[PDB]
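Undergrad: how does the following fold in three dimensions:
(one chain, ligands or ions: 1)
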Amino acid sequence: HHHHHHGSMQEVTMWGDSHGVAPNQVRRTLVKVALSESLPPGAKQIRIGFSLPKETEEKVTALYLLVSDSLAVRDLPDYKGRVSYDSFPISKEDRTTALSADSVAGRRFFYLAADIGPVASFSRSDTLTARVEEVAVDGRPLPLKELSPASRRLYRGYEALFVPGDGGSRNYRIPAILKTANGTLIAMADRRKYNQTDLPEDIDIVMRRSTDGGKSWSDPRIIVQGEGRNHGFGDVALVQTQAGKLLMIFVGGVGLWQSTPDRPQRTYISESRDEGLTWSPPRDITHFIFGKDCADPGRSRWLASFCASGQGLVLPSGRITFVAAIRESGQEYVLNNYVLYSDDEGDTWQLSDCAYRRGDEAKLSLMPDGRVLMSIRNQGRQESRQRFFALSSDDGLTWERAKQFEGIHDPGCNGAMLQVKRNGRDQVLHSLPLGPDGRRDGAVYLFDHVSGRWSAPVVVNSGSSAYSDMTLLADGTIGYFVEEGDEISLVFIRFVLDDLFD
Ligand SMILES: CC(=O)N[C@H]1[C@H]([C@H](O)[C@H](O)CO)O[C@@](O)(C(=O)O)C[C@@H]1O
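TA: Residues are numbered from 1 along each chain as shown. Dropping the coordinates below:
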């Protein structure tokens, strides 16, 4: 029938790759090919024919056939040897290649990979592609099931900073990026050691640093170690204060909806005075926000609070701010937003007036005229499934809803904003998944302050895409730090605005 009964039906499945790439990167997958079964014992060779346009050929320095017993999602070097593979060189002018079945040694997964040269142009049109045209065993072709085209966009930088398996952690989630005044880059993450689930699972906070603008990164270091279920840590947000100290804020303990006034999920801060090399022991500041030890009786029966992961905002006055999403009642799964802020470099903390009813993870950015813009995640598919916005003209103390900023879809995800100037026009860059209604196709949009209108989205990384954080580098490049894949890797991408929009 569909399944015949005259022998073993070998089936070949073939995926083109669409992850970003950057110049001078080695062994980047263009196409992956999987056999459903091992080559049979009587088989002597497998031959793979492929096409590759001249514009791609002009941008690579070498080609390879990689053979592995594992089927990997990312480029094989991204797994740092945790995926063992053999590498068989191909001349860049060649369009076929063959391997003995002994060389293949029972393995089923084949990768057409390339070394990328020192490319000069990064426009939207500059993408690498290849196609596998033939797979034959003992000179007999097999039917190829093609499941996606190859299209790898060239970016000025592109690096997976945290990949499932790294350091023994099974998974990673929740990206936070910070550029300090001296130019250092701090990237932090949930080290989701056993699986991808949120607190109250056992989770660590891990960090990597770069002192050359993201060209190279230090070995990952665990900053805060989880100590078991209900005793992990995660959801980091970062700022640098006016005095120059770095500050991280994070939660730990039970899950968000399990937190109670008397047994809370706690909020901690830790600071660094040396550009992220060393960090102070985490200090519990839960008592400034809610619960049993809170000095405000009106908030002592609040149940939960957490600041949105990524970055806060330090205002021109030196006021340090993070938006907290707070659970006020145990009868409902509903959060309200309040700005958590300090006017004494983190010694004490206060709460603004309520900024958003039925909000979720929220971010802040500084308007050109000095007002503060809040972007609030739409949780629970409220209203028109749009992202929510609010404005404050008193440095974050009081707020009004700002529907004139609404206009982009939010499938219910954390994202980030940057205030940017383009062609003399003040604008806000906003990162979110495009969806629709799913965490797919990581996108950026530009909102024009003066016309009150949003651009069409530009997809930065197609495929599964979730939380993102953004920072401006000293030289005008943008650093974009996104959750890629269903099993997430945290990826740091660098571009200028013209690379995406004009
Ligand atoms: C402290 C905490 O629970 N943070 C988590 C939040 C909240 O659950 C929602 O924002 C509440 O609505 O969202 C995630 O689950 C998500 O949506 O990927 C991941 C993140 O770790």
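
Undergrad: domain ranges for the protein, per the record?
TA: 12-153, 157-411+493-497 (automatic domain parsing).

Undergrad: dump the ones you listed into JSON lines; add distance to the ligand and mean neighbour count as well.
TA: (Each C-beta comes from the backbone N, C-alpha and C, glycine too.) As requested, these are exported to JSON lines (distance: least, Cβ to the nearest ligand atom, whole Å; neighbours: other Cβ atoms under 10 Å):
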{"stretch": "domain 12-153", "distance to the ligand": "19", "mean neighbour count": "17"}
{"stretch": "domain 157-411+493-497", "distance to the ligand": "4", "mean neighbour count": "19"}
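
Undergrad: let's have those domains in a markdown table, adding distance to residue 420.
TA: Formatted as a markdown table, the domains of the chain follow (distance: least, Cβ to Cβ, whole Å):
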| stretch | distance to residue 420 |
| --- | --- |
| domain 12-153 | 18 |
| domain 157-411+493-497 | 6 |
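
Undergrad: quick check, residue 51 in contact with residue 133.
TA: Yes: using Cβ atoms under 8 Å, residue 51 makes contact with residue 133 at a distance of 5.5 Å.

Undergrad: find residues that contact each of these two.
TA: Between them, residue 51 and residue 133 share no contacting residue under Cβ atoms under 8 Å, 6 or more residues apart in numbering.

Undergrad: right, and residue 190 touches residue 223 too?
TA: No: with contact defined as Cβ under 8 Å, residue 190 and residue 223 do not form a contacting pair (11.4 Å).

Undergrad: intersection of neighbour lists for the two?
TA: Going by Cβ under 8 Å, 6+ apart, residues that sit against residue 190 and also against residue 223 are 204, 205, 206.

Undergrad: strand partners of the host helix or strand of residue 191, parallel vs antiparallel please.
TA: Using DSSP states H and E, residue 191 sits in strand 185-192. Applying DSSP bridges, strand 185-192 is found paired with strand 171-179 (antiparallel), strand 204-210 (antiparallel).

Undergrad: quick one: the last one to chain centroid distance?
TA: For strand 204-210, the separation from the chain centroid amounts to 14 Å (computed by Cα atoms, centre = their mean, to the nearest Å).

Undergrad: next one: the longest one
TA: A distance of 7 Å separates the centroid of the chain from that of strand 171-179, by Cα atoms, centre = their mean.

Undergrad: swap in stretch 476-491?
TA: 3 Å.

Undergrad: same question for stretch 56-63.
TA: Remark: stretch 56-63 is offset 28 Å from the chain centroid, using Cα atoms, centre = their mean.

Undergrad: and if you look at stretch 309-318?
TA: 21 Å.

Undergrad: start to end distance for it?
TA: Separation of the first and last residues of stretch 309-318 by Cα to Cα, to the nearest Å is 21 Å.

Undergrad: who's in contact with that stretch?
TA: Contacts of stretch 309-318 (Cβ under 8 Å, 6+ apart): 174-178, 234-242, 247, 249, 320-323, 343, 345, 361, 363-366, 370, 372, 395-396, 414, 416, 467, 469, 471.

Undergrad: go again with 7 Å.
TA: By Cβ atoms under 7 Å, 6 or more residues apart in numbering, the residues outside stretch 309-318 that reach it are 174, 176, 178, 235-242, 320-322, 363-366, 395, 414, 416, 467, 469.

Undergrad: those residues in helices, which ones?
TA: Using DSSP state H, no member of the contacts of stretch 309-318 falls in helices.

Undergrad: strands - which of those residues land there?
TA: 174, 176, 178, 235-240, 320-322, 363-366, 416, 467, 469 (DSSP state E).

Undergrad: please enumerate the helices of the stretch 1-150 of the chain.
TA: Counting by DSSP state H, counting those that start in this stretch, one finds helices in the stretch 1-150 of the chain at the ranges 54-57, 101-104.

Undergrad: mind putting the strands paired with strand 185-192 in a markdown table, distance to residue 481 included?
TA: Converted to a markdown table, the strands paired with strand 185-192 look like this (distance: least, Cβ to Cβ, whole Å):
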| stretch | distance to residue 481 |
| --- | --- |
| strand 171-179 | 4 |
| strand 204-210 | 11 |
